[PDB]
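Peer 1: The structure follows.
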Amino acid sequence: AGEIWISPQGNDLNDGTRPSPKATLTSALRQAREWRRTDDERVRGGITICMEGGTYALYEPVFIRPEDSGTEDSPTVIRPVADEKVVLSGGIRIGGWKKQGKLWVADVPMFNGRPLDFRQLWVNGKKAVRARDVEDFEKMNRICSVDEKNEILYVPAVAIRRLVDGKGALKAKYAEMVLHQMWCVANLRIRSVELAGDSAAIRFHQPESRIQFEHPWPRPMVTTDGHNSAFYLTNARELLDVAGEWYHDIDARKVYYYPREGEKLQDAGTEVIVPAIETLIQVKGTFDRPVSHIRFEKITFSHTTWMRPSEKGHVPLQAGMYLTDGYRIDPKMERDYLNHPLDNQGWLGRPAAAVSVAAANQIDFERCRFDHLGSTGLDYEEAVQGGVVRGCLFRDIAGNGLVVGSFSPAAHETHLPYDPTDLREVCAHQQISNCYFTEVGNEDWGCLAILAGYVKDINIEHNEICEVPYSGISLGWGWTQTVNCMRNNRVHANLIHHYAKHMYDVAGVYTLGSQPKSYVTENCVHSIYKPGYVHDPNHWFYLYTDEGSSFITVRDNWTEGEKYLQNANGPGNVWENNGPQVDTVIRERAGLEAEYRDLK
Ligand SMILES: [Ca+2]
């Protein structure tokens with residue numbers, strides 16, 4: 001393989017030899033593209049883009065396109081030299097910190113010619129806390145009631161007193177409520193507060209308010225037995241009061257931080273990073289002209305943003321997929337093929353990802369690290385054939401770790417079966433193995449470690465998942481027993497524990513929709529969390545086949561106890577030998593294999 005070198009001290013006018021390296025991946029890919037176009041002999045055995053140890057900051061995604069395609073004998077591989085660490089960062093450094101009491105304050109610089117805002121902030125590789133009302137979520141306040149007709153949320157007056165002035169009017173201009181509702185959270189930006197004696201009338205901004213109040217599922221819990229929806233409050237100067245909290249004042253363009261033990265903001269050995277762009281690598285072809293035979297190896301991807309919740313709120317249906325329109329229907333819709341009557345209509349959007357792959361084949365990630373991210377880690381979006389995601393770490397991710405396939409096209413109501421005529425559209429034959437997921441969904445608690453929607457021939461095996469807010473692995477979509485594109489899906493020998501940290505209606509492995517000849521086998525699930533603010537404390541499981549699930553063999557899974565749910569399933573699922581009696585050999589070989597345990 002011929003080599004093209006990049007360095008943090010390189011220059012894009014250089015020829016890309018090791019003594020004279022490029023400065024950017026964009027320039028280095030362009031040179032590789034030119035070698036392939038002109039049949040340069042250095043292409044013969046592949047092209048390896050070798051990157052010197054360091055951080056490479058991006059102001060726009062790297063666009064890997066059909067003309068970048070390798071072949072099986074001549075792949076393009078992008079990797080560090082030796083065992084040096086390479087970070088592709090979508091963030092920028094904040095300096096010029098001045099002391100102002102217990103807090104420090106800094107001007108937020110311009111990014112790509114405009115004011116920058118952000119929802120995450122990292123200090124020496126350690127995520128800081130966007131300022132909120134309570135530290136311990138077990139201490140969240142609960143709501144009092146919902147007025148749907150008027151779009152009002154009533155909560156205890158004591159909960160919001162720090163956000164109002166002497167006259168009971170909202171004083172925290174951009175304050176946000178994060179509302180726990182059944183199996184999702186919603187991000188709802190506060191427009192106004194009106195004190196109503198012991199209660200406070202909370203109104204929210206558009207566009208989220210309309211969608212929040214009219215969508216039926218999930219919806220806020222208002223109960224007589226102490227299970228009302230919890231919420232917390234964030235994004236307000238008035239809530240910044242403990243070490244590690246920050247608030248960014250967008251009107252002043254200043255950011256305030258309460259430093260933690262050993263953080264020395266005026267020293268150069270202390271790095272404050274904020275995220276600036278959504279997507280670092282965009283692998284994108286067309287269905288006729290796919291991108292192919294690209295491998296990323298040992299690359300760290302970091303510091304991506306996603307500002308949609310700050311701009312439009314965030315009212316997801318499930319798995320972090322936000323509703324663009326969602327309402328109750330009466331009478332219910334009657335459906336074909338023995339489907340249960342449907343009481344709602346929903347259309348969805350897809351969160352941004354650090355790395356996206358669409359219209360491609362044989363796009364591999366080997367021992368990459370997805371670390372410090374504001375939305376999704378890795379997203380195999382559409383029309384991808386194959387690809388091996390193996391040995392990767394996913395950690396400190398606000399949303400889903402790894403996303404594959406369709407959650408219904410934007411215009412396609414999300415309970416109607418998805419089965420496109422153009423079969424090229426459907427993600428098929430992905431292999432996701434020996435990856436470790438921890439501390440994902442750490443903002444959007446409705447998110448998963450591995451979220452595969454409408455896919456076919458997927459193989460999810462020997463992964464380990466822990467410390468996640470909700471389910472571990474979710475496979476399928478559509479809430480329908482109508483036979484569709486899905487078939488041949490496998491979830492095998494994964495290890496899932498310390499899940500459902502925040503959300504119930506949950507399992508270690510969860511399925512939706514009809515999936516001919518699919519398999520959930522030899523997994524190991526244990527040690528579920530028991531949070532105090534969940535909607536119903538018994539509504540948790542180790543393994544859970546949800547509406548439509550059909551033709552799935554659920555067999556030989558070691559689980560801590562027998563606690564399973566089959567809700568509104570279709571036919572032909574086989575449940576056999578699941579539980580604590582499963583052979584020890586199966587129990588113990590679940591998760592990372594010996595070769596990849598250095599991920600921990
Ligand atoms: Ca606080």
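Here, A, B, ... name the chains of the structure tokens in the order displayed, residue numbers run from 1 inside each chain, and ligands are numbered from 1 in the same displayed order.
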Which residues are close to range 465-482 of chain A, i.e. within 8 Å by only C-alpha atoms, leaving aside same-chain residues fewer than 5 positions away? Reply as an mmCIF file with N, CA, C and O atoms, in the first residue's frame.
Peer 2:
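Written out: part.cif:
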```
data_model
loop_
_atom_site.group_PDB
_atom_site.id
_atom_site.type_symbol
_atom_site.label_atom_id
_atom_site.label_comp_id
_atom_site.auth_asym_id
_atom_site.auth_seq_id
_atom_site.Cartn_x
_atom_site.Cartn_y
_atom_site.Cartn_z
ATOM 1 N N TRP A 183 -41.072 6.082 28.861
ATOM 2 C CA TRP A 183 -39.802 5.500 28.320
ATOM 3 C C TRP A 183 -38.888 6.546 27.558
ATOM 4 O O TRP A 183 -37.841 6.161 27.022
ATOM 5 N N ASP A 336 -54.646 -4.337 8.774
ATOM 6 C CA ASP A 336 -54.514 -5.673 8.192
ATOM 7 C C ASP A 336 -53.675 -6.649 9.004
ATOM 8 O O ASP A 336 -53.044 -6.306 10.019
ATOM 9 N N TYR A 337 -53.678 -7.879 8.520
ATOM 10 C CA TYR A 337 -52.814 -8.917 8.994
ATOM 11 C C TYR A 337 -52.838 -9.163 10.517
ATOM 12 O O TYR A 337 -51.834 -9.609 11.073
ATOM 13 N N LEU A 338 -53.983 -8.938 11.168
ATOM 14 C CA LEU A 338 -54.177 -9.253 12.619
ATOM 15 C C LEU A 338 -53.483 -8.245 13.565
ATOM 16 O O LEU A 338 -53.470 -8.426 14.778
ATOM 17 N N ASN A 339 -52.961 -7.151 13.009
ATOM 18 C CA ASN A 339 -52.523 -6.014 13.796
ATOM 19 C C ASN A 339 -53.587 -5.463 14.738
ATOM 20 O O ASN A 339 -54.760 -5.441 14.433
ATOM 21 N N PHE A 407 -35.929 4.277 10.619
ATOM 22 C CA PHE A 407 -36.963 4.401 11.654
ATOM 23 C C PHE A 407 -38.222 4.988 11.026
ATOM 24 O O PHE A 407 -39.031 5.636 11.701
ATOM 25 N N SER A 408 -38.431 4.570 9.770
ATOM 26 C CA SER A 408 -39.437 5.113 8.851
ATOM 27 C C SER A 408 -38.913 6.371 8.158
ATOM 28 O O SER A 408 -38.421 7.301 8.820
ATOM 29 N N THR A 414 -44.912 6.291 11.103
ATOM 30 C CA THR A 414 -43.975 5.324 11.690
ATOM 31 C C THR A 414 -44.523 3.971 12.179
ATOM 32 O O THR A 414 -43.738 3.098 12.624
ATOM 33 N N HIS A 415 -45.835 3.773 12.088
ATOM 34 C CA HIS A 415 -46.444 2.454 12.343
ATOM 35 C C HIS A 415 -46.834 1.698 11.079
ATOM 36 O O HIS A 415 -47.310 0.597 11.180
ATOM 37 N N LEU A 416 -46.653 2.289 9.898
ATOM 38 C CA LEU A 416 -46.983 1.617 8.635
ATOM 39 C C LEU A 416 -45.793 0.802 8.267
ATOM 40 O O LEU A 416 -44.676 1.315 8.376
ATOM 41 N N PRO A 417 -45.997 -0.440 7.801
ATOM 42 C CA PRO A 417 -44.810 -1.257 7.560
ATOM 43 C C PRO A 417 -43.924 -0.635 6.475
ATOM 44 O O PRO A 417 -44.420 -0.087 5.504
ATOM 45 N N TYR A 418 -42.625 -0.646 6.730
ATOM 46 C CA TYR A 418 -41.617 -0.191 5.791
ATOM 47 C C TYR A 418 -41.050 -1.381 5.049
ATOM 48 O O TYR A 418 -40.491 -2.315 5.655
ATOM 49 N N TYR A 436 -17.561 -2.121 22.999
ATOM 50 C CA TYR A 436 -17.903 -1.826 24.416
ATOM 51 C C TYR A 436 -18.606 -0.499 24.455
ATOM 52 O O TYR A 436 -18.122 0.496 23.885
ATOM 53 N N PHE A 437 -19.773 -0.465 25.084
ATOM 54 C CA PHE A 437 -20.591 0.702 25.169
ATOM 55 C C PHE A 437 -20.783 0.979 26.630
ATOM 56 O O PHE A 437 -21.309 0.117 27.366
ATOM 57 N N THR A 438 -20.408 2.167 27.069
ATOM 58 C CA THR A 438 -20.678 2.584 28.432
ATOM 59 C C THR A 438 -20.911 4.090 28.485
ATOM 60 O O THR A 438 -20.272 4.849 27.754
ATOM 61 N N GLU A 439 -21.837 4.537 29.337
ATOM 62 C CA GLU A 439 -22.090 5.966 29.512
ATOM 63 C C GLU A 439 -22.533 6.586 28.167
ATOM 64 O O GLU A 439 -22.080 7.682 27.795
ATOM 65 N N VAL A 440 -23.429 5.871 27.479
ATOM 66 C CA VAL A 440 -24.149 6.374 26.306
ATOM 67 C C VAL A 440 -25.550 6.701 26.737
ATOM 68 O O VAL A 440 -25.957 6.351 27.855
ATOM 69 N N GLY A 441 -26.270 7.445 25.897
ATOM 70 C CA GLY A 441 -27.527 8.020 26.279
ATOM 71 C C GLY A 441 -27.438 8.838 27.560
ATOM 72 O O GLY A 441 -28.361 8.807 28.406
ATOM 73 N N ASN A 442 -26.329 9.552 27.753
ATOM 74 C CA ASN A 442 -26.144 10.250 29.047
ATOM 75 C C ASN A 442 -26.774 11.610 29.073
ATOM 76 O O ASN A 442 -26.627 12.324 30.053
ATOM 77 N N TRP A 445 -32.012 10.215 27.800
ATOM 78 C CA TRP A 445 -32.177 8.957 28.518
ATOM 79 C C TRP A 445 -33.008 7.892 27.784
ATOM 80 O O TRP A 445 -32.907 6.724 28.117
ATOM 81 N N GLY A 446 -33.775 8.281 26.770
ATOM 82 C CA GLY A 446 -34.502 7.352 25.929
ATOM 83 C C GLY A 446 -33.679 6.567 24.931
ATOM 84 O O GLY A 446 -34.244 5.766 24.213
ATOM 85 N N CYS A 447 -32.353 6.764 24.910
ATOM 86 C CA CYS A 447 -31.468 6.228 23.868
ATOM 87 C C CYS A 447 -30.832 4.922 24.278
ATOM 88 O O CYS A 447 -30.961 4.463 25.414
ATOM 89 N N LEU A 448 -30.239 4.260 23.301
ATOM 90 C CA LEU A 448 -29.746 2.915 23.423
ATOM 91 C C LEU A 448 -28.266 2.866 23.167
ATOM 92 O O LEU A 448 -27.681 3.841 22.647
ATOM 93 N N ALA A 449 -27.644 1.762 23.552
ATOM 94 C CA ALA A 449 -26.285 1.479 23.153
ATOM 95 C C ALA A 449 -26.294 1.119 21.681
ATOM 96 O O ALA A 449 -25.594 1.766 20.882
ATOM 97 N N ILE A 450 -27.082 0.097 21.330
ATOM 98 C CA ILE A 450 -27.196 -0.314 19.953
ATOM 99 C C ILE A 450 -28.662 -0.237 19.564
ATOM 100 O O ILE A 450 -29.518 -0.892 20.192
ATOM 101 N N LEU A 451 -28.932 0.544 18.525
ATOM 102 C CA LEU A 451 -30.282 0.787 18.043
ATOM 103 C C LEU A 451 -30.301 0.432 16.560
ATOM 104 O O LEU A 451 -29.746 1.191 15.696
ATOM 105 N N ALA A 452 -30.892 -0.724 16.266
ATOM 106 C CA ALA A 452 -31.071 -1.165 14.887
ATOM 107 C C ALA A 452 -32.563 -1.121 14.603
ATOM 108 O O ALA A 452 -33.356 -1.672 15.344
ATOM 109 N N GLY A 453 -32.956 -0.371 13.581
ATOM 110 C CA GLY A 453 -34.368 -0.227 13.241
ATOM 111 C C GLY A 453 -34.743 -1.263 12.215
ATOM 112 O O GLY A 453 -34.494 -2.483 12.388
ATOM 113 N N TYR A 454 -35.369 -0.809 11.139
ATOM 114 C CA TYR A 454 -35.643 -1.709 10.000
ATOM 115 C C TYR A 454 -34.317 -2.041 9.362
ATOM 116 O O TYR A 454 -33.744 -1.177 8.679
ATOM 117 N N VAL A 455 -33.815 -3.262 9.600
ATOM 118 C CA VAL A 455 -32.601 -3.780 9.003
ATOM 119 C C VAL A 455 -32.821 -5.209 8.590
ATOM 120 O O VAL A 455 -33.804 -5.849 9.025
ATOM 121 N N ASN A 494 -24.170 -11.252 23.483
ATOM 122 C CA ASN A 494 -23.906 -9.949 24.056
ATOM 123 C C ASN A 494 -24.070 -9.956 25.577
ATOM 124 O O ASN A 494 -24.794 -10.796 26.138
ATOM 125 N N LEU A 495 -23.354 -9.062 26.233
ATOM 126 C CA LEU A 495 -23.403 -8.944 27.694
ATOM 127 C C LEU A 495 -23.931 -7.570 28.005
ATOM 128 O O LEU A 495 -23.335 -6.589 27.598
ATOM 129 N N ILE A 496 -25.056 -7.510 28.701
ATOM 130 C CA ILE A 496 -25.751 -6.264 29.026
ATOM 131 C C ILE A 496 -26.026 -6.217 30.527
ATOM 132 O O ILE A 496 -26.699 -7.129 31.096
ATOM 133 N N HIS A 497 -25.541 -5.173 31.185
ATOM 134 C CA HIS A 497 -25.791 -5.037 32.640
ATOM 135 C C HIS A 497 -25.764 -3.597 33.011
ATOM 136 O O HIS A 497 -25.250 -2.770 32.232
ATOM 137 N N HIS A 498 -26.354 -3.273 34.162
ATOM 138 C CA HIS A 498 -26.388 -1.893 34.652
ATOM 139 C C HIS A 498 -27.022 -0.991 33.586
ATOM 140 O O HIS A 498 -26.521 0.094 33.237
ATOM 141 N N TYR A 499 -28.207 -1.412 33.191
ATOM 142 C CA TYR A 499 -29.022 -0.746 32.192
ATOM 143 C C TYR A 499 -30.247 -0.241 32.915
ATOM 144 O O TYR A 499 -30.369 -0.467 34.139
ATOM 145 N N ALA A 500 -31.135 0.432 32.196
ATOM 146 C CA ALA A 500 -32.312 1.103 32.789
ATOM 147 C C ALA A 500 -31.957 1.997 33.987
ATOM 148 O O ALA A 500 -32.649 2.033 35.018
ATOM 149 N N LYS A 501 -30.884 2.755 33.818
ATOM 150 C CA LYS A 501 -30.441 3.673 34.834
ATOM 151 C C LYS A 501 -31.472 4.733 35.127
ATOM 152 O O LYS A 501 -31.529 5.231 36.240
ATOM 153 N N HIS A 502 -32.291 5.077 34.140
ATOM 154 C CA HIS A 502 -33.261 6.141 34.285
ATOM 155 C C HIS A 502 -34.680 5.827 33.797
ATOM 156 O O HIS A 502 -35.611 6.497 34.188
ATOM 157 N N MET A 503 -34.849 4.879 32.897
ATOM 158 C CA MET A 503 -36.121 4.713 32.205
ATOM 159 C C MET A 503 -36.519 3.273 32.286
ATOM 160 O O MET A 503 -35.683 2.379 32.057
ATOM 161 N N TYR A 504 -37.813 3.065 32.520
ATOM 162 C CA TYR A 504 -38.390 1.707 32.545
ATOM 163 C C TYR A 504 -39.254 1.508 31.293
ATOM 164 O O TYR A 504 -39.242 2.385 30.388
ATOM 165 N N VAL A 506 -38.560 -1.458 29.557
ATOM 166 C CA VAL A 506 -37.135 -1.565 29.212
ATOM 167 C C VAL A 506 -36.744 -3.015 29.259
ATOM 168 O O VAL A 506 -37.348 -3.804 30.007
ATOM 169 N N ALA A 507 -35.737 -3.382 28.470
ATOM 170 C CA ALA A 507 -35.099 -4.686 28.611
ATOM 171 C C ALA A 507 -33.688 -4.619 28.201
ATOM 172 O O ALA A 507 -33.280 -3.628 27.625
ATOM 173 N N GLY A 508 -32.945 -5.676 28.484
ATOM 174 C CA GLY A 508 -31.604 -5.826 27.982
ATOM 175 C C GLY A 508 -31.606 -5.918 26.454
ATOM 176 O O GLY A 508 -30.833 -5.217 25.781
ATOM 177 N N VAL A 509 -32.416 -6.833 25.922
ATOM 178 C CA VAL A 509 -32.671 -6.932 24.473
ATOM 179 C C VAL A 509 -34.178 -6.735 24.285
ATOM 180 O O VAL A 509 -35.004 -7.369 24.955
ATOM 181 N N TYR A 510 -34.515 -5.850 23.360
ATOM 182 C CA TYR A 510 -35.871 -5.431 23.032
ATOM 183 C C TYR A 510 -36.050 -5.490 21.516
ATOM 184 O O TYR A 510 -35.125 -5.101 20.768
ATOM 185 N N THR A 511 -37.209 -5.999 21.070
ATOM 186 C CA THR A 511 -37.545 -6.139 19.651
ATOM 187 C C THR A 511 -38.880 -5.493 19.323
ATOM 188 O O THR A 511 -39.782 -5.395 20.187
ATOM 189 N N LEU A 512 -38.974 -5.003 18.089
ATOM 190 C CA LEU A 512 -40.237 -4.548 17.503
ATOM 191 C C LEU A 512 -40.407 -5.116 16.097
ATOM 192 O O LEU A 512 -39.439 -5.212 15.320
ATOM 193 N N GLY A 513 -41.640 -5.466 15.754
ATOM 194 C CA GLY A 513 -42.003 -5.783 14.349
ATOM 195 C C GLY A 513 -41.681 -7.161 13.879
ATOM 196 O O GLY A 513 -40.908 -7.897 14.498
ATOM 197 N N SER A 514 -42.263 -7.506 12.746
ATOM 198 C CA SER A 514 -42.146 -8.827 12.184
ATOM 199 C C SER A 514 -40.768 -8.996 11.613
ATOM 200 O O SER A 514 -40.360 -8.218 10.735
ATOM 201 N N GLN A 515 -40.088 -10.051 12.044
ATOM 202 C CA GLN A 515 -38.714 -10.328 11.642
ATOM 203 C C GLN A 515 -38.401 -11.773 11.305
ATOM 204 O O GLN A 515 -37.625 -12.414 12.002
ATOM 205 N N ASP A 546 -41.734 -6.635 21.725
ATOM 206 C CA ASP A 546 -42.799 -5.638 21.785
ATOM 207 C C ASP A 546 -43.611 -5.780 20.507
ATOM 208 O O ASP A 546 -43.319 -6.673 19.717
ATOM 209 N N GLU A 547 -44.603 -4.916 20.322
ATOM 210 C CA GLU A 547 -45.650 -5.064 19.341
ATOM 211 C C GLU A 547 -45.135 -5.416 17.951
ATOM 212 O O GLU A 547 -44.177 -4.810 17.457
ATOM 213 N N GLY A 548 -45.734 -6.462 17.384
ATOM 214 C CA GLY A 548 -45.476 -6.915 16.039
ATOM 215 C C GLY A 548 -44.482 -8.008 15.947
ATOM 216 O O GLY A 548 -44.403 -8.683 14.916
ATOM 217 N N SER A 549 -43.686 -8.168 17.008
ATOM 218 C CA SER A 549 -42.541 -9.068 16.987
ATOM 219 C C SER A 549 -43.024 -10.393 16.563
ATOM 220 O O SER A 549 -43.913 -10.942 17.211
ATOM 221 N N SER A 550 -42.440 -10.920 15.500
ATOM 222 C CA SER A 550 -42.806 -12.210 14.977
ATOM 223 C C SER A 550 -41.583 -12.900 14.457
ATOM 224 O O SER A 550 -40.683 -12.234 13.943
ATOM 225 N N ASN A 569 -47.520 -9.400 20.313
ATOM 226 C CA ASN A 569 -46.669 -10.054 19.334
ATOM 227 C C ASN A 569 -47.504 -10.637 18.174
ATOM 228 O O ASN A 569 -48.724 -10.850 18.273
ATOM 229 N N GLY A 570 -46.834 -10.847 17.047
ATOM 230 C CA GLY A 570 -47.373 -11.704 15.999
ATOM 231 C C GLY A 570 -46.958 -13.131 16.287
ATOM 232 O O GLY A 570 -46.514 -13.426 17.377
#
```
Peer 1: Using only C-alpha atoms, which protein or nucleic acid residues come within 6 Å of range 125-142 of chain A? Drop anything in the same chain fewer than 2 positions from it, and give the result as a ChimeraX atom specification.
Peer 2: /A:121-123,228-235,239-240,244-247
Peer 1: Apply DSSP to the backbone of this structure and, from range 217-390 of chain A, keep only the residues in strand (DSSP E or B); write these as number ranges by chain.
Peer 2: A: 230-234, 245-249, 254-257, 272-275, 277, 281-284, 291-297, 299-302, 304, 314, 316-318, 321-333, 342-349, 353-366, 369-373, 376-385, 388-390
Peer 1: Please, could you write that set of residues out with C-alpha atoms as an mmCIF file, in the first residue's frame?
Peer 2:
```cif
data_model
loop_
_atom_site.group_PDB
_atom_site.id
_atom_site.type_symbol
_atom_site.label_atom_id
_atom_site.label_comp_id
_atom_site.auth_asym_id
_atom_site.auth_seq_id
_atom_site.Cartn_x
_atom_site.Cartn_y
_atom_site.Cartn_z
ATOM 1 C CA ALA A 230 -40.176 13.820 37.400
ATOM 2 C CA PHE A 231 -38.354 16.729 35.735
ATOM 3 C CA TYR A 232 -35.236 18.728 36.105
ATOM 4 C CA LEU A 233 -34.424 22.280 35.095
ATOM 5 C CA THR A 234 -31.410 23.397 33.177
ATOM 6 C CA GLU A 245 -21.475 23.160 36.534
ATOM 7 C CA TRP A 246 -21.461 25.657 33.597
ATOM 8 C CA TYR A 247 -23.862 28.040 31.955
ATOM 9 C CA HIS A 248 -23.375 29.731 28.596
ATOM 10 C CA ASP A 249 -25.070 33.142 28.378
ATOM 11 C CA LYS A 254 -19.851 34.465 27.942
ATOM 12 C CA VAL A 255 -19.553 31.090 29.595
ATOM 13 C CA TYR A 256 -19.385 30.633 33.383
ATOM 14 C CA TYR A 257 -17.809 27.575 35.029
ATOM 15 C CA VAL A 272 -11.838 23.398 28.163
ATOM 16 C CA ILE A 273 -13.414 21.998 24.910
ATOM 17 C CA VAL A 274 -16.866 22.865 23.562
ATOM 18 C CA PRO A 275 -18.365 21.109 20.522
ATOM 19 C CA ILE A 277 -20.052 20.718 14.501
ATOM 20 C CA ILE A 281 -17.041 11.967 8.787
ATOM 21 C CA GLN A 282 -19.778 11.737 6.193
ATOM 22 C CA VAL A 283 -19.471 8.629 4.036
ATOM 23 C CA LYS A 284 -22.068 9.245 1.314
ATOM 24 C CA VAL A 291 -18.890 4.432 -1.617
ATOM 25 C CA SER A 292 -16.972 1.268 -0.999
ATOM 26 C CA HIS A 293 -13.965 -0.383 0.758
ATOM 27 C CA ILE A 294 -13.035 2.247 3.262
ATOM 28 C CA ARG A 295 -11.667 1.324 6.735
ATOM 29 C CA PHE A 296 -11.123 3.515 9.717
ATOM 30 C CA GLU A 297 -8.710 1.957 12.240
ATOM 31 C CA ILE A 299 -9.212 6.708 15.211
ATOM 32 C CA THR A 300 -10.841 8.605 18.066
ATOM 33 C CA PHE A 301 -13.856 10.674 17.166
ATOM 34 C CA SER A 302 -14.821 13.427 19.589
ATOM 35 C CA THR A 304 -19.592 16.739 18.251
ATOM 36 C CA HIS A 314 -37.095 17.528 21.580
ATOM 37 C CA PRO A 316 -39.192 11.847 20.905
ATOM 38 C CA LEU A 317 -41.500 8.901 20.364
ATOM 39 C CA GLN A 318 -38.851 6.357 21.229
ATOM 40 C CA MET A 321 -36.219 9.796 17.315
ATOM 41 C CA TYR A 322 -37.933 13.128 17.590
ATOM 42 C CA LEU A 323 -41.573 13.681 16.600
ATOM 43 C CA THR A 324 -42.307 16.186 13.847
ATOM 44 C CA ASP A 325 -46.026 15.590 14.170
ATOM 45 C CA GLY A 326 -47.857 13.226 16.478
ATOM 46 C CA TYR A 327 -51.464 12.938 17.686
ATOM 47 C CA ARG A 328 -54.201 10.638 18.959
ATOM 48 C CA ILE A 329 -56.771 9.284 16.470
ATOM 49 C CA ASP A 330 -60.433 8.458 17.275
ATOM 50 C CA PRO A 331 -61.832 6.210 15.974
ATOM 51 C CA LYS A 332 -58.779 3.997 16.078
ATOM 52 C CA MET A 333 -57.301 2.777 12.831
ATOM 53 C CA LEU A 342 -53.774 1.851 16.259
ATOM 54 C CA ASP A 343 -54.587 4.876 18.404
ATOM 55 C CA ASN A 344 -52.030 7.423 17.159
ATOM 56 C CA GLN A 345 -50.197 8.815 14.138
ATOM 57 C CA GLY A 346 -46.519 9.791 14.294
ATOM 58 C CA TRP A 347 -43.837 11.140 11.965
ATOM 59 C CA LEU A 348 -40.190 11.248 13.031
ATOM 60 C CA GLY A 349 -36.787 12.873 12.431
ATOM 61 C CA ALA A 353 -24.266 11.520 14.264
ATOM 62 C CA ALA A 354 -20.468 11.869 14.645
ATOM 63 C CA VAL A 355 -19.879 9.484 11.786
ATOM 64 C CA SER A 356 -22.610 8.743 9.140
ATOM 65 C CA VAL A 357 -22.544 6.117 6.413
ATOM 66 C CA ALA A 358 -25.126 6.067 3.574
ATOM 67 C CA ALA A 359 -25.154 4.454 0.102
ATOM 68 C CA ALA A 360 -22.077 2.393 0.654
ATOM 69 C CA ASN A 361 -20.648 -1.005 1.031
ATOM 70 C CA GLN A 362 -17.725 -2.520 2.967
ATOM 71 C CA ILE A 363 -17.223 0.472 5.192
ATOM 72 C CA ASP A 364 -15.355 -0.813 8.292
ATOM 73 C CA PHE A 365 -14.467 0.586 11.730
ATOM 74 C CA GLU A 366 -11.743 -1.410 13.606
ATOM 75 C CA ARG A 369 -13.219 5.161 19.858
ATOM 76 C CA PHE A 370 -16.384 7.257 19.869
ATOM 77 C CA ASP A 371 -15.809 9.492 22.864
ATOM 78 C CA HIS A 372 -17.271 12.761 24.144
ATOM 79 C CA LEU A 373 -20.237 13.235 21.723
ATOM 80 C CA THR A 376 -25.201 9.697 17.992
ATOM 81 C CA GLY A 377 -21.814 8.028 17.741
ATOM 82 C CA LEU A 378 -21.899 5.944 14.536
ATOM 83 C CA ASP A 379 -24.907 5.951 12.159
ATOM 84 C CA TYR A 380 -25.315 3.454 9.253
ATOM 85 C CA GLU A 381 -28.241 5.425 7.866
ATOM 86 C CA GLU A 382 -29.477 3.993 4.600
ATOM 87 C CA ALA A 383 -28.475 1.663 1.729
ATOM 88 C CA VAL A 384 -25.427 0.171 3.338
ATOM 89 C CA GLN A 385 -24.368 -3.368 2.412
ATOM 90 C CA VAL A 388 -17.675 -4.519 10.120
ATOM 91 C CA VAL A 389 -17.816 -2.358 13.291
ATOM 92 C CA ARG A 390 -15.478 -4.286 15.526
#
```
Peer 1: Could you tell me how far CA of residue 109 in chain A lies from CA of residue 94 in chain A, in Å and to one decimal?
Peer 2: 7.5 Å
Peer 1: Could you list, as a PyMOL selection string, every residue within 8 Å of residue 209 in chain A, counting only C-alpha atoms and ignoring same-chain residues fewer than 5 positions away?
Peer 2: chain A and resi 151+188+203-204
Peer 1: Using N, CA, C and O atoms, can you export the residues from the last selection as a PDB file, in the first residue's frame?
Peer 2:
```
ATOM      1  N   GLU A 151     -52.044  24.017  26.762  1.00  0.00           N
ATOM      2  CA  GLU A 151     -50.595  23.829  26.709  1.00  0.00           C
ATOM      3  C   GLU A 151     -49.872  24.338  27.927  1.00  0.00           C
ATOM      4  O   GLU A 151     -48.907  25.083  27.823  1.00  0.00           O
ATOM      5  N   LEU A 188     -37.946  20.634  26.825  1.00  0.00           N
ATOM      6  CA  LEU A 188     -39.013  21.618  26.633  1.00  0.00           C
ATOM      7  C   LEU A 188     -38.543  22.978  27.115  1.00  0.00           C
ATOM      8  O   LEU A 188     -38.221  23.173  28.312  1.00  0.00           O
ATOM      9  N   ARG A 203     -45.506  27.376  30.696  1.00  0.00           N
ATOM     10  CA  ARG A 203     -45.731  27.356  29.254  1.00  0.00           C
ATOM     11  C   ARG A 203     -44.403  27.284  28.502  1.00  0.00           C
ATOM     12  O   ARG A 203     -43.386  27.808  28.954  1.00  0.00           O
ATOM     13  N   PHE A 204     -44.442  26.644  27.333  1.00  0.00           N
ATOM     14  CA  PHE A 204     -43.247  26.316  26.570  1.00  0.00           C
ATOM     15  C   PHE A 204     -43.255  26.929  25.190  1.00  0.00           C
ATOM     16  O   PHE A 204     -44.274  27.371  24.682  1.00  0.00           O
TER      17      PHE A 204
END
```
